[PDB]
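# Summary of structural features
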Amino acid sequence: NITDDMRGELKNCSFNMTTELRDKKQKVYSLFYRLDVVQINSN
Amino acid sequence: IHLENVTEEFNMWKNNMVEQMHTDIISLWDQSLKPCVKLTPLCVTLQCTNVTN
Amino acid sequence: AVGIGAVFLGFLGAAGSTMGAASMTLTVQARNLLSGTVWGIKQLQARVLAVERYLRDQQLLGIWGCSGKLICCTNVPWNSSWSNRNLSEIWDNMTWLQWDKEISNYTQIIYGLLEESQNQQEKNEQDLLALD
Ligand SMILES: *[C@@H]1O[C@H](CO)[C@@H](O[C@@H]2O[C@H](CO)[C@@H](O)[C@H](O)[C@H]2NC(C)=O)[C@H](O)[C@H]1NC(C)=O
Ligand SMILES: *[C@@H]1O[C@H](CO)[C@@H](O[C@@H]2O[C@H](CO)[C@@H](O)[C@H](O)[C@H]2NC(C)=O)[C@H](O)[C@H]1NC(C)=O
Ligand SMILES: *[C@@H]1O[C@H](CO)[C@@H](O[C@@H]2O[C@H](CO)[C@@H](O)[C@H](O)[C@H]2NC(C)=O)[C@H](O)[C@H]1NC(C)=O
Ligand SMILES: *[C@@H]1O[C@H](CO)[C@@H](O)[C@H](O)[C@H]1NC(C)=O
């Protein structure tokens, strides 16, 4: 339940991760804090 | 040199220095691998068929 | 008690001989006691353990009467409660490997008496020089 005045301190981040095989990559998600990720400059 | 009129009790099972030789040969086996080549790029999909036979 | 013989007479050669006969070869075990990318640390700590043990033994000698005699006599008498056996049945009967076990319990009682007698003899010598 997002409150627009406050901020969520967790971001649900999905990304490509390399698998144990050097051919195939997978898509995996994780949870990070606001203090560990920064937005690079829609999407 | 030979020792006359002496008697010591031995035990190969509670002996030391088989532990030392085991540890040293394991570690010395490991230390001849640090200059060598890791097969990181070879973990890859292998399309395998039978040998020509 | 030494004679003419051509054999090598080496380190721990008279370990099984009686202790009146291994005493005639004590400079051999005294001689062969000191000189002998990661493994240099193991060799190096073995060498410093060797010189540390040699220094500890020479320090135990040096705070007693003899510092380089290798056979020395002192002024504490043999308490007969320690070994209660004759003089003839040690120097002609037993070995140092067998005499080590028989006074291992009474060891460290003797060493304090050795230091005590040497400190008392040092202060008696200092007073005897001082009265002159
Ligand atoms: C998702 O997160 C974004 C931030 O990346 C939120 O966008 C702003 O959030 C702040 C505080 O959370 C609000 O004060 C702003 O008004 C939001 N911007 C807009 C344009 O509304 C966003 O609200 C979050 N929630 C959703 C459902 O997208
Ligand atoms: C994971 O990898 C996939 C594929 O490499 C990425 O999906 C592409 O995203 C771009 C930008 O939106 C599209 O133009 C491509 O068409 C997409 N390709 C496919 C196969 O879907 C994806 O962005 C990566 N990241 C995540 C979080 O999934
Ligand atoms: C292993 O498989 C390879 C194919 O990947 C074989 O190589 C081919 O052999 C044919 C038959 O002589 C030649 O015409 C091709 O030019 C070869 N290709 C390459 C890239 O060398 C190979 O002979 C097989 N070996 C065994 C032992 O089965
Ligand atoms: C030293 O103590 C042990 C254990 O009490 C004993 O058996 C042994 O006889 C003692 N040593 C001597 C020389 O009596």
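Residues numbered from 1 in each chain as written, not as in the entry; some residues may be left out. Chains lettered and ligands numbered in written order. Part of a larger assembly, values for the part shown. Heavy atoms only, no water.

The record names cryo-EM as the way this model was obtained, at a resolution of 3.20 Å.

### Topic: the overall build of chain B
In terms of regular secondary structure, chain B is built from 1 helix and 0 strands. In summary, chain B has a C-alpha radius of gyration of 24 Å against a globular reference of 10 Å for 53 residues, an excess of more than 25%. For chain B, the spread of C-alpha atoms along the three principal axes comes to 70 × 35 × 25 Å. Per-residue burial for chain B yields a buried fraction of 0% across its 53 residues. Accessible surface, chain B as shown: approximately 5,900 Å² in total, 61% of it carbon and sulfur. (Helix = DSSP H or I, 4+ residues; strand = E, 2+ residues; numbered from the N terminus. Rg over C-alpha atoms; globule rule 2.2 N^0.38 Å. Buried < 20%, exposed > 50% of the residue type's maximum accessible area, 1.4 Å probe, protein only. Areas by Shrake-Rupley, 256 points an atom, 1.4 Å probe, with all protein chains shown as cover.)

### Considering unusual backbone geometry
Of note in the backbone geometry, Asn5 of chain B takes a positive phi value of approximately 60 degrees without being a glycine. Along the chain, the position of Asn5 of chain B falls in the segment before α1 (18-31). One non-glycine residue, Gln108 of chain C, lies in the positive phi region at around 75 degrees. Assignment of secondary structure puts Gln108 of chain C in the loop between α5 (96-102) and α6 (110-130).

### Thoughts on α6 of chain C
Residues and elements named next belong to chain C. The end-to-end C-alpha distance of α6 is 30 Å, a good match for the 30 Å that 21 residues give at a rise of 1.5 Å each. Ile110, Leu114, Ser117 and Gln118 are the residues of α6 that are buried. Projected down its long axis, α6 shows its buried positions confined to an angular sector of 100 degrees, all on one face. With respect to the buried face of α6, the exposed residues turned more than 90 degrees away are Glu116, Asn119, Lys123 and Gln126. (Expected span 1.5 Å × (residues − 1). Arc of directions from axis to C-beta.)

### Some details on the site of ligand 2
All names here are of chain A. Close to ligand 2 lie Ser14, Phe15, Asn16, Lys25 and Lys27, which account for all nearby residues. The contact in question runs from an oxygen atom of ligand 2 to an N or O atom on the side chain of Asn16, over 2.3 Å. Here an oxygen atom of ligand 2 sits 2.8 Å away from a polar atom, N or O, in the side chain of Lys25. For ligand 2, the accessible surface in isolation is 580 Å², of which the surrounding protein chains cover 27%. Per-element accounting of the shell around ligand 2 gives the leading share, 3 residues, to strand β1 (residues 10-18). Residue composition of the shell around ligand 2, grouped by class: 1 nonpolar, 2 polar and 2 charged. (Near = heavy atom within 4 Å. Polar contact = N/O pair within 3.5 Å; in protein donor to acceptor, adjacent residues only side chain to side chain. Nonpolar A, V, L, I, M, F, W, Y, C, P; charged D, E, K, R; others polar.)

### What about the side chain of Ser83 of chain C?
Here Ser83 of chain C shows up in helix α3 (residues 80-83). If sequence neighbours within four positions are ignored, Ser83 of chain C has contacts with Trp78 and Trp99 of chain C. (Contact = heavy atoms within 4.5 Å.)

### A short note on the layout of surface pockets
Over the atoms a probe the size of a water molecule is rolled, and this reveals where empty space is left. Residues and elements named next belong to chain C. What the largest pocket holds in volume is close to 2,300 Å³. For the largest pocket, the lining is made up of 49 residues, of which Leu26, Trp64, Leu70, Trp96 and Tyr111 are closest to its centre. If you list the elements that add at least two residues to the lining of the largest pocket, you get α1 (27-31), α2 (39-62), α3, α4 (88-91), α5 and α6. Split into classes, the residues belonging to the lining of the largest pocket amount to 34 nonpolar, 11 polar and 4 charged. By volume, the second largest pocket amounts to about 210 Å³. (1 Å grid on protein atoms, 1.4 Å probe; cavity = no way out; pocket = protein on both sides within 12 Å on 5 of 7 lines; lining within 4 Å. Points joined across faces, edges and corners; volume = space filled by probe spheres on them.)

### Details of the pattern of salt bridges
Residues and elements named next belong to chain C. For the structure shown, the criterion picks out 3 salt bridges over all chains. The salt bridge partner of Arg56 is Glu52, with a shortest N-O separation of 2.5 Å. With a gap of 4 residues between them, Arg56 and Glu52 both fall in helix α2, about one helical turn apart. Overall, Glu52 belongs to the partly exposed group, its relative accessible area being 37%. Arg85 is paired through a salt bridge with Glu102; the nearest N and O atoms lie 3.1 Å apart. With a gap of 17 residues between them, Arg85 in the loop between α3 and α4 and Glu102 in helix α5 connect regions that are remote in the sequence. A residue is classified by how much of its surface remains accessible, and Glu102, at 28% relative accessible area, is partly exposed. Residues joined by salt bridges that share partners form a network here, namely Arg85, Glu89 and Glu102. (Salt bridge = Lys/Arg side-chain N within 4 Å of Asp/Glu carboxyl O.)

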